[PDB]
Protein chains: 2
Amino acid sequence: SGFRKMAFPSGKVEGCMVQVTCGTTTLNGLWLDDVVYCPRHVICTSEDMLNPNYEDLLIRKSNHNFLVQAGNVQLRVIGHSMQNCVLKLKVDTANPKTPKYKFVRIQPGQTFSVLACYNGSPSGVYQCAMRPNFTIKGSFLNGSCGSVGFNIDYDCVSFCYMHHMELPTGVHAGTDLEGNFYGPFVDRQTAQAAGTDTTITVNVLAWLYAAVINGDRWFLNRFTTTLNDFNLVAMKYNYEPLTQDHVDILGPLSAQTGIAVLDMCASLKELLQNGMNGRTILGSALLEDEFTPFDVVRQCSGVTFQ
Amino acid sequence: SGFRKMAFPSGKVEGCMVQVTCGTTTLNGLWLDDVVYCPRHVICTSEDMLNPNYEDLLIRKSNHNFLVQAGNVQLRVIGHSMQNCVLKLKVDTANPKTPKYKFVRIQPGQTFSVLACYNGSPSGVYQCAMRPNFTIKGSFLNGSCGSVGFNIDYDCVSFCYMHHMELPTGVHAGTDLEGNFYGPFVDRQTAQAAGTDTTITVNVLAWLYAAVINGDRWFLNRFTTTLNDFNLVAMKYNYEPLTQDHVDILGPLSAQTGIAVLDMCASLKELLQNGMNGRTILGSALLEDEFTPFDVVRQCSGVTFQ
Ligand SMILES: *[C@@](O)(c1nc2cc(Br)ccc2s1)[C@H](C[C@@H]1CCNC1=O)NC(=O)[C@@H]1[C@@H]2[C@H](CN1C(=O)[C@H](NC(=O)C(F)(F)F)C(C)(C)C)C2(C)C
Ligand SMILES: *[C@@](O)(c1nc2cc(Br)ccc2s1)[C@H](C[C@@H]1CCNC1=O)NC(=O)[C@@H]1[C@@H]2[C@H](CN1C(=O)[C@H](NC(=O)C(F)(F)F)C(C)(C)C)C2(C)C
């Protein structure tokens, strides 16, 4: 029993982190096979960053201008190219610790683990959700750029996020590993703002199921609802719509607990209209939306990796 | 910016996890140098666990009754001894992935990362504290015993916790790596209840400092207090007493923010006497007590390892 915000074990990713330096700018890079991926603004100085012409900056660069360090191993760079907001440095050694991997673009609502790094070294690991406004509520300082987010499926690492920047309310934005931003952000130091965020409904429902599994049942009521009536209430509380796909994905938890998804929605509806009355659910005094249905299953069933 | 419950990178510990099997009982073991450490109740069947005579269970066994697996490979057990509530198996092969390490016995209020494991494989990583009542608020299922808790400082892993059992209300109990239980617990399936828990005051103050560093300053009030007067309020709210050692440990955060420790105590006092009135601090609707002063500085200054 117990329910915690749980990250994937970080070992397979730790063996892929390197330091990439160009001039006086250092950030993190990801070393997979014979390619090092990092944010393209490794080629900027803090003056350039205010308004960079990345193509113009890149023309003036050559292989030897890119210092790549993997622990104390200096890698020889033998090629470079830009792809969207990411640089790809070809190196002359394949990373012997490359795991099975793929690049994925995640959707809002989906969770992943971040391995926050400085100077090519791990600081820590924590779980994040891609918010509906395409930000993440991370913990990042200067130098964290190039840290990655990922999921593990048995032995396979799915990389979904590379860190680029922080937005006004101390939330974070970045790209997939093909260098395309999540959200309408750009890699420039100019005023930008996240849109209105909303609560990830399917996730809150998952977490209510985790609470039931743990014997925290006080919020179960005697009502049911319809998807359409539920969505009316959701939208007035700035919750995402619940779709049939969400219902389908909640099926394992539904079947495990014997609680119809629509009955749980009716319980959530009451919680939204009446508040929590200072009570807690799984230790929290707010409704938690950064656990996916899969996260709850993995945690409650003790799924392992590696 | 941002402030998250951050675990240590787990790669160093992932390389030490093995499975120990005695008869039909399998649990996790930790393989450091030529020794494997695991809960002594690996020598129990489900029937033995009501009131095991560990001496009698052990005295029958020989080296050969212990199966140690790392991946596919069997390690040859060439010695065994029981120390308190842990078994130590000497194997004929030193772990090639052994990190620099020490064993430490932590104090209530100190935090650590747990690498939850099943069948000798990692399931995930999360941060916990040693509660004042010597329990931890974990996430553990059947098969988790032998999972360990740790801190890293630079390249050195300090192991502090090995998982043994779950108490009522879904909280957890275990030993140091010398096999000595934290708190008054015993490794038998018998009526055991944790003492009333209290709130780690010094940690709440650290997190309030974290909040200020991140711009969340609404709770800074217009008062100060004395240690004596504050401690009267803490006692009333089942908070631990704050000592002068705690005030000293908060020195760095105090000096960084220009906010005297006693002024922060006074702000906390107000929070305790008035409640938070639905407000949040760092996204939490409750006062968080599972970040140490060191945790805050580590996170806010981006300390790395490895
Ligand atoms: C990152 O680690 C990087 N640092 C540098 C330093 C140099 Br000289 C070159 C390139 C990079 S990339 C940081 C990470 C962030 C610092 C604080 N917390 C973080 O998550 N990224 C940045 O500094 C990016 C970077 C430049 C500006 N910026 C920002 O994050 C910020 N945002 C914005 O200007 C705005 F769009 F408003 F949101 C900044 C510094 C927080 C004001 C670019 C986006 C390329
Ligand atoms: C652990 O993984 C172990 N499982 C086994 C199985 C066998 Br056949 C032998 C030895 C072990 S050690 C679990 C972990 C816990 C299960 C639920 N969540 C957990 O964290 N440990 C236990 O089963 C321990 C173990 C036996 C009983 N027990 C308990 O955790 C609880 N004991 C209590 O009665 C109490 F005192 F409350 F703490 C139990 C099973 C949850 C009722 C011993 C203490 C040796």
# chains A, B, ... in the order shown; residues from 1 in each chain; ligands from 1
>>> residues_near_ligand(ligand="ligand 2", cutoff="7 Å", atoms="only C-alpha atoms and all ligand atoms", output="ChimeraX atom specification")
/A:1 /B:25,27,39,41-42,44-46,49,140-145,164-168,172,186-193
>>> write_last_selection(atoms="N, CA and C atoms", output="PDB file, in the first residue's frame")
ATOM      1  N   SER A   1       0.862  -1.212   0.000  1.00  0.00           N
ATOM      2  CA  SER A   1       0.000   0.000   0.000  1.00  0.00           C
ATOM      3  C   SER A   1       0.882   1.240   0.000  1.00  0.00           C
TER       4      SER A   1
ATOM      5  N   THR B  25      10.940 -18.873  -0.884  1.00  0.00           N
ATOM      6  CA  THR B  25      10.881 -17.454  -0.552  1.00  0.00           C
ATOM      7  C   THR B  25      11.943 -16.723  -1.357  1.00  0.00           C
ATOM      8  N   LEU B  27      13.393 -12.698  -2.074  1.00  0.00           N
ATOM      9  CA  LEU B  27      13.236 -11.261  -1.961  1.00  0.00           C
ATOM     10  C   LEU B  27      14.483 -10.581  -2.516  1.00  0.00           C
ATOM     11  N   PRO B  39      16.859  -9.042   3.982  1.00  0.00           N
ATOM     12  CA  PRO B  39      16.085  -9.231   5.202  1.00  0.00           C
ATOM     13  C   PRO B  39      16.226 -10.685   5.634  1.00  0.00           C
ATOM     14  N   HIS B  41      14.206 -12.611   7.016  1.00  0.00           N
ATOM     15  CA  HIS B  41      13.008 -13.415   6.837  1.00  0.00           C
ATOM     16  C   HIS B  41      12.940 -14.012   5.434  1.00  0.00           C
ATOM     17  N   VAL B  42      14.020 -13.913   4.663  1.00  0.00           N
ATOM     18  CA  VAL B  42      14.118 -14.729   3.457  1.00  0.00           C
ATOM     19  C   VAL B  42      14.076 -16.208   3.850  1.00  0.00           C
ATOM     20  N   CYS B  44      12.022 -17.540   5.907  1.00  0.00           N
ATOM     21  CA  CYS B  44      10.689 -17.873   6.380  1.00  0.00           C
ATOM     22  C   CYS B  44       9.782 -18.258   5.213  1.00  0.00           C
ATOM     23  N   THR B  45       8.850 -19.190   5.478  1.00  0.00           N
ATOM     24  CA  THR B  45       7.674 -19.438   4.657  1.00  0.00           C
ATOM     25  C   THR B  45       6.525 -18.601   5.215  1.00  0.00           C
ATOM     26  N   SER B  46       5.427 -18.467   4.465  1.00  0.00           N
ATOM     27  CA  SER B  46       4.270 -17.717   4.948  1.00  0.00           C
ATOM     28  C   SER B  46       3.811 -18.200   6.336  1.00  0.00           C
ATOM     29  N   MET B  49       5.898 -16.824   9.708  1.00  0.00           N
ATOM     30  CA  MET B  49       6.034 -15.385   9.901  1.00  0.00           C
ATOM     31  C   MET B  49       5.189 -14.834  11.049  1.00  0.00           C
ATOM     32  N   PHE B 140       4.959   0.365  -1.342  1.00  0.00           N
ATOM     33  CA  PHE B 140       5.549  -0.954  -1.324  1.00  0.00           C
ATOM     34  C   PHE B 140       4.460  -2.027  -1.374  1.00  0.00           C
ATOM     35  N   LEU B 141       4.732  -3.066  -2.168  1.00  0.00           N
ATOM     36  CA  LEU B 141       3.839  -4.207  -2.267  1.00  0.00           C
ATOM     37  C   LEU B 141       4.581  -5.458  -1.823  1.00  0.00           C
ATOM     38  N   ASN B 142       3.835  -6.572  -1.795  1.00  0.00           N
ATOM     39  CA  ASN B 142       4.453  -7.881  -1.661  1.00  0.00           C
ATOM     40  C   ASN B 142       5.580  -8.025  -2.687  1.00  0.00           C
ATOM     41  N   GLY B 143       6.757  -8.456  -2.215  1.00  0.00           N
ATOM     42  CA  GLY B 143       7.923  -8.693  -3.056  1.00  0.00           C
ATOM     43  C   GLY B 143       8.928  -7.540  -2.999  1.00  0.00           C
ATOM     44  N   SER B 144       8.596  -6.477  -2.240  1.00  0.00           N
ATOM     45  CA  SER B 144       9.430  -5.277  -2.188  1.00  0.00           C
ATOM     46  C   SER B 144      10.536  -5.392  -1.135  1.00  0.00           C
ATOM     47  N   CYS B 145      10.360  -6.260  -0.124  1.00  0.00           N
ATOM     48  CA  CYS B 145      11.330  -6.399   0.947  1.00  0.00           C
ATOM     49  C   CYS B 145      12.732  -6.516   0.368  1.00  0.00           C
ATOM     50  N   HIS B 164      11.397  -3.843   5.208  1.00  0.00           N
ATOM     51  CA  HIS B 164      10.916  -5.077   5.823  1.00  0.00           C
ATOM     52  C   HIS B 164       9.397  -5.239   5.843  1.00  0.00           C
ATOM     53  N   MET B 165       8.628  -4.176   6.117  1.00  0.00           N
ATOM     54  CA  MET B 165       7.242  -4.434   6.466  1.00  0.00           C
ATOM     55  C   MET B 165       6.372  -3.189   6.354  1.00  0.00           C
ATOM     56  N   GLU B 166       5.074  -3.475   6.291  1.00  0.00           N
ATOM     57  CA  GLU B 166       4.043  -2.460   6.267  1.00  0.00           C
ATOM     58  C   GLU B 166       3.202  -2.550   7.532  1.00  0.00           C
ATOM     59  N   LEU B 167       3.021  -1.391   8.172  1.00  0.00           N
ATOM     60  CA  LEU B 167       2.182  -1.251   9.353  1.00  0.00           C
ATOM     61  C   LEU B 167       0.794  -0.727   8.955  1.00  0.00           C
ATOM     62  N   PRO B 168      -0.212  -0.766   9.867  1.00  0.00           N
ATOM     63  CA  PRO B 168      -1.547  -0.222   9.561  1.00  0.00           C
ATOM     64  C   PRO B 168      -1.505   1.260   9.212  1.00  0.00           C
ATOM     65  N   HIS B 172       5.362   2.353   6.477  1.00  0.00           N
ATOM     66  CA  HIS B 172       6.345   1.289   6.285  1.00  0.00           C
ATOM     67  C   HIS B 172       7.425   1.335   7.352  1.00  0.00           C
ATOM     68  N   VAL B 186       9.499  -5.122  15.104  1.00  0.00           N
ATOM     69  CA  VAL B 186      10.100  -6.445  15.066  1.00  0.00           C
ATOM     70  C   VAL B 186       9.571  -7.137  13.808  1.00  0.00           C
ATOM     71  N   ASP B 187      10.389  -8.046  13.277  1.00  0.00           N
ATOM     72  CA  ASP B 187      10.146  -8.693  11.996  1.00  0.00           C
ATOM     73  C   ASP B 187       9.339  -9.960  12.265  1.00  0.00           C
ATOM     74  N   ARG B 188       8.123  -9.750  12.749  1.00  0.00           N
ATOM     75  CA  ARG B 188       7.121 -10.786  12.851  1.00  0.00           C
ATOM     76  C   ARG B 188       5.754 -10.184  12.522  1.00  0.00           C
ATOM     77  N   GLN B 189       4.910 -11.020  11.904  1.00  0.00           N
ATOM     78  CA  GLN B 189       3.541 -10.661  11.585  1.00  0.00           C
ATOM     79  C   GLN B 189       2.715 -10.707  12.866  1.00  0.00           C
ATOM     80  N   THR B 190       2.840  -9.631  13.644  1.00  0.00           N
ATOM     81  CA  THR B 190       2.154  -9.490  14.917  1.00  0.00           C
ATOM     82  C   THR B 190       1.623  -8.061  15.016  1.00  0.00           C
ATOM     83  N   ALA B 191       0.638  -7.859  15.907  1.00  0.00           N
ATOM     84  CA  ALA B 191       0.045  -6.560  16.188  1.00  0.00           C
ATOM     85  C   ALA B 191       1.134  -5.552  16.520  1.00  0.00           C
ATOM     86  N   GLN B 192       1.357  -4.625  15.588  1.00  0.00           N
ATOM     87  CA  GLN B 192       2.280  -3.522  15.781  1.00  0.00           C
ATOM     88  C   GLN B 192       1.599  -2.273  15.240  1.00  0.00           C
ATOM     89  N   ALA B 193       1.675  -1.196  16.025  1.00  0.00           N
ATOM     90  CA  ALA B 193       1.126   0.087  15.625  1.00  0.00           C
ATOM     91  C   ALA B 193       2.197   1.148  15.825  1.00  0.00           C
TER      92      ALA B 193
END
>>> residues_around(residues="residue A:117", least_positions_apart="5", cutoff="6 Å", atoms="only C-alpha atoms", output="PDB file with N, CA, C and O atoms, in the first residue's frame")
ATOM      1  N   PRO A 122      24.005  14.155 -13.572  1.00  0.00           N
ATOM      2  CA  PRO A 122      22.697  14.132 -12.894  1.00  0.00           C
ATOM      3  C   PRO A 122      22.606  14.850 -11.556  1.00  0.00           C
ATOM      4  O   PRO A 122      23.485  14.680 -10.715  1.00  0.00           O
ATOM      5  N   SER A 123      21.548  15.656 -11.380  1.00  0.00           N
ATOM      6  CA  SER A 123      21.230  16.275 -10.104  1.00  0.00           C
ATOM      7  C   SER A 123      20.135  15.458  -9.410  1.00  0.00           C
ATOM      8  O   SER A 123      20.155  15.277  -8.198  1.00  0.00           O
ATOM      9  N   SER A 144      20.482  23.668 -17.073  1.00  0.00           N
ATOM     10  CA  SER A 144      19.702  22.435 -17.118  1.00  0.00           C
ATOM     11  C   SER A 144      19.309  22.072 -18.539  1.00  0.00           C
ATOM     12  O   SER A 144      18.933  20.931 -18.795  1.00  0.00           O
ATOM     13  N   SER A 147      18.649  18.550 -20.530  1.00  0.00           N
ATOM     14  CA  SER A 147      18.148  17.458 -19.715  1.00  0.00           C
ATOM     15  C   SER A 147      16.942  16.871 -20.442  1.00  0.00           C
ATOM     16  O   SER A 147      16.241  17.599 -21.140  1.00  0.00           O
TER      17      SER A 147
END
>>> interface_residues(of="chain A", to="chain B", cutoff="9 Å", atoms="only C-alpha atoms", output="number ranges by chain")
A: 1-15, 71, 115-119, 121-127, 137-144, 166, 169-172, 214, 278, 284-286, 298-306
>>> write_last_selection(atoms="C-alpha atoms", output="PDB file, in the first residue's frame")
ATOM      1  CA  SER A   1       0.000   0.000   0.000  1.00  0.00           C
ATOM      2  CA  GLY A   2       0.921   3.687  -0.175  1.00  0.00           C
ATOM      3  CA  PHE A   3       0.985   5.821  -3.301  1.00  0.00           C
ATOM      4  CA  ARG A   4       3.876   8.085  -4.204  1.00  0.00           C
ATOM      5  CA  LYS A   5       4.969  10.195  -7.134  1.00  0.00           C
ATOM      6  CA  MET A   6       7.391   7.685  -8.578  1.00  0.00           C
ATOM      7  CA  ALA A   7      10.038   8.230 -11.270  1.00  0.00           C
ATOM      8  CA  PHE A   8      11.496   5.572 -13.536  1.00  0.00           C
ATOM      9  CA  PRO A   9      14.935   4.325 -12.426  1.00  0.00           C
ATOM     10  CA  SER A  10      17.367   6.620 -14.202  1.00  0.00           C
ATOM     11  CA  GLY A  11      20.360   4.339 -14.845  1.00  0.00           C
ATOM     12  CA  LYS A  12      19.882   3.758 -18.582  1.00  0.00           C
ATOM     13  CA  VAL A  13      19.588   7.529 -19.159  1.00  0.00           C
ATOM     14  CA  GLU A  14      22.467   8.470 -16.845  1.00  0.00           C
ATOM     15  CA  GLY A  15      24.786   6.511 -19.173  1.00  0.00           C
ATOM     16  CA  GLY A  71      32.322  11.900 -18.013  1.00  0.00           C
ATOM     17  CA  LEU A 115      16.634  13.537 -15.255  1.00  0.00           C
ATOM     18  CA  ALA A 116      17.732  17.023 -14.296  1.00  0.00           C
ATOM     19  CA  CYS A 117      21.402  17.480 -15.217  1.00  0.00           C
ATOM     20  CA  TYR A 118      24.069  20.158 -14.892  1.00  0.00           C
ATOM     21  CA  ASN A 119      27.373  20.062 -16.772  1.00  0.00           C
ATOM     22  CA  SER A 121      25.999  15.223 -14.574  1.00  0.00           C
ATOM     23  CA  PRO A 122      22.697  14.132 -12.894  1.00  0.00           C
ATOM     24  CA  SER A 123      21.230  16.275 -10.104  1.00  0.00           C
ATOM     25  CA  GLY A 124      18.037  14.248  -9.598  1.00  0.00           C
ATOM     26  CA  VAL A 125      14.961  12.546 -11.026  1.00  0.00           C
ATOM     27  CA  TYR A 126      11.258  13.375 -10.759  1.00  0.00           C
ATOM     28  CA  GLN A 127       7.966  12.721 -12.545  1.00  0.00           C
ATOM     29  CA  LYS A 137       5.891  21.993 -13.859  1.00  0.00           C
ATOM     30  CA  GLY A 138       9.547  21.146 -13.514  1.00  0.00           C
ATOM     31  CA  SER A 139      12.507  22.087 -11.367  1.00  0.00           C
ATOM     32  CA  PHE A 140      15.199  23.619 -13.514  1.00  0.00           C
ATOM     33  CA  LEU A 141      17.997  26.191 -13.216  1.00  0.00           C
ATOM     34  CA  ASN A 142      20.569  27.774 -15.534  1.00  0.00           C
ATOM     35  CA  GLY A 143      22.557  24.971 -17.129  1.00  0.00           C
ATOM     36  CA  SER A 144      19.702  22.435 -17.118  1.00  0.00           C
ATOM     37  CA  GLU A 166      11.498  28.611 -18.319  1.00  0.00           C
ATOM     38  CA  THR A 169       5.182  31.503 -13.588  1.00  0.00           C
ATOM     39  CA  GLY A 170       8.244  29.212 -13.159  1.00  0.00           C
ATOM     40  CA  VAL A 171       6.979  26.522 -15.543  1.00  0.00           C
ATOM     41  CA  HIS A 172       9.056  24.965 -18.293  1.00  0.00           C
ATOM     42  CA  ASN A 214      -5.597   2.035  -0.851  1.00  0.00           C
ATOM     43  CA  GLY A 278     -10.503  20.199   4.273  1.00  0.00           C
ATOM     44  CA  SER A 284      -3.368  15.360  -0.639  1.00  0.00           C
ATOM     45  CA  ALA A 285      -5.726  18.234   0.099  1.00  0.00           C
ATOM     46  CA  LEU A 286      -6.060  18.950  -3.637  1.00  0.00           C
ATOM     47  CA  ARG A 298       2.315   0.144 -12.736  1.00  0.00           C
ATOM     48  CA  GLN A 299       2.612   1.368  -9.177  1.00  0.00           C
ATOM     49  CA  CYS A 300      -0.239  -0.695  -7.705  1.00  0.00           C
ATOM     50  CA  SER A 301       0.958  -3.867  -9.582  1.00  0.00           C
ATOM     51  CA  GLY A 302       4.735  -3.409  -9.076  1.00  0.00           C
ATOM     52  CA  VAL A 303       5.779  -3.436 -12.733  1.00  0.00           C
ATOM     53  CA  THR A 304       9.596  -3.606 -13.135  1.00  0.00           C
ATOM     54  CA  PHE A 305      12.159  -2.698 -15.834  1.00  0.00           C
ATOM     55  CA  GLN A 306      15.707  -3.348 -17.030  1.00  0.00           C
TER      56      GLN A 306
END
>>> select_by_dssp(residues="stretch 116-272 of chain B", states="helix (DSSP H, G or I)", output="JSON, numbers by chain")
{"B": [201, 202, 203, 204, 205, 206, 207, 208, 209, 210, 211, 212, 213, 227, 228, 229, 230, 231, 232, 233, 234, 235, 236, 244, 245, 246, 247, 248, 249, 251, 252, 253, 254, 255, 256, 257, 261, 262, 263, 264, 265, 266, 267, 268, 269, 270, 271, 272]}
>>> calpha_fit_rmsd(fixed="chain A", moving="chain B")
0.3 Å
>>> closest_residue(among="B:160, B:58, B:234, B:35", to="residue B:273", atoms="only C-alpha atoms")
B:234
>>> atom_distance(atom1="atom CA of residue A:62", atom2="atom CA of residue A:19")
17.5 Å
>>> residues_around(residues="residue B:61", least_positions_apart="5", cutoff="10 Å", atoms="only C-alpha atoms", output="NGL selection string")
:B and (22 or 43 or 56 or 66 or 80)
>>> atom_distance(atom1="atom CA of residue B:272", atom2="atom CA of residue B:238")
10.5 Å
>>> residues_around(residues="stretch 92-108 of chain B", least_positions_apart="3", cutoff="10 Å", atoms="only C-alpha atoms", output="CSV table (one decimal) with C-alpha atoms, in the first residue's frame")
chain,number,residue,atom,x,y,z
B,11,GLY,CA,21.9,4.1,-11.6
B,12,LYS,CA,24.6,3.4,-8.9
B,13,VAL,CA,22.1,1.4,-6.8
B,14,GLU,CA,20.4,-0.3,-9.8
B,15,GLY,CA,23.7,-2.1,-10.4
B,16,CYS,CA,23.7,-3.6,-6.8
B,30,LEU,CA,21.9,-5.7,-2.2
B,31,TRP,CA,25.3,-6.8,-3.6
B,32,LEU,CA,28.3,-4.8,-2.5
B,33,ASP,CA,31.8,-6.1,-2.8
B,34,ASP,CA,31.6,-9.8,-2.1
B,35,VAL,CA,28.6,-9.6,0.3
B,36,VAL,CA,24.9,-9.7,-0.3
B,70,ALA,CA,22.1,-11.3,-10.6
B,75,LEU,CA,26.5,-16.3,-7.5
B,76,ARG,CA,28.2,-19.0,-5.4
B,77,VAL,CA,27.5,-18.5,-1.7
B,78,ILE,CA,30.6,-19.3,0.3
B,79,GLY,CA,29.5,-18.1,3.8
B,89,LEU,CA,25.8,-13.9,2.3
B,111,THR,CA,15.3,12.1,3.8
B,112,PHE,CA,16.5,9.6,1.3
B,129,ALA,CA,11.6,10.9,5.1
B,130,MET,CA,12.3,9.0,8.3
B,131,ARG,CA,9.2,10.1,10.3
B,132,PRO,CA,9.6,11.1,14.0
B,133,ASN,CA,7.7,7.9,14.8
B,134,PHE,CA,10.3,5.9,12.8
B,135,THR,CA,8.0,4.9,10.0
B,136,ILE,CA,8.3,6.0,6.4
B,150,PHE,CA,20.0,5.9,0.1
B,151,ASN,CA,21.6,9.3,-0.3
B,152,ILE,CA,24.4,10.2,-2.7
B,153,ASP,CA,27.1,12.7,-1.9
B,154,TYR,CA,29.3,13.4,-4.9
B,155,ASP,CA,30.2,9.8,-5.9
B,156,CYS,CA,29.5,8.1,-2.6
B,157,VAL,CA,26.3,6.2,-1.9
B,158,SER,CA,25.2,6.2,1.8
B,159,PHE,CA,22.8,3.4,2.3
B,160,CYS,CA,20.4,4.1,5.2
B,161,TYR,CA,17.3,1.9,4.8
B,175,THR,CA,16.2,-1.5,9.2
B,176,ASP,CA,19.5,0.1,8.7
B,177,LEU,CA,22.0,-2.0,6.7
B,178,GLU,CA,23.3,-3.5,10.0
B,180,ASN,CA,18.8,-2.7,13.3
B,181,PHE,CA,15.1,-1.6,13.0
B,182,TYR,CA,14.2,2.1,12.9
B,183,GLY,CA,11.8,2.4,15.8
B,200,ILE,CA,9.2,17.8,11.1
B,306,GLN,CA,28.3,10.7,-10.2
>>> select_by_dssp(residues="stretch 80-174 of chain A", states="strand (DSSP E)", output="PyMOL selection string")
chain A and resi 80-83+86-91+100-103+111-118+121-129+148-153+156-167+171-174
>>> residues_around(residues="residue B:255", least_positions_apart="5", cutoff="12 Å", atoms="only C-alpha atoms", output="MDAnalysis selection string")
chainID B and resid 209 213 247:250 260:261 297
>>> residues_around(residues="residue B:179", least_positions_apart="6", cutoff="10 Å", atoms="only C-alpha atoms", output="VMD selection string")
chain B and resid 37 to 40 82 to 88 161 to 162
>>> residues_around(residues="stretch 216-228 of chain B", least_positions_apart="2", cutoff="6 Å", atoms="only C-alpha atoms", output="PyMOL selection string")
chain B and resi 211-212+214+230-231+262-263+266-267
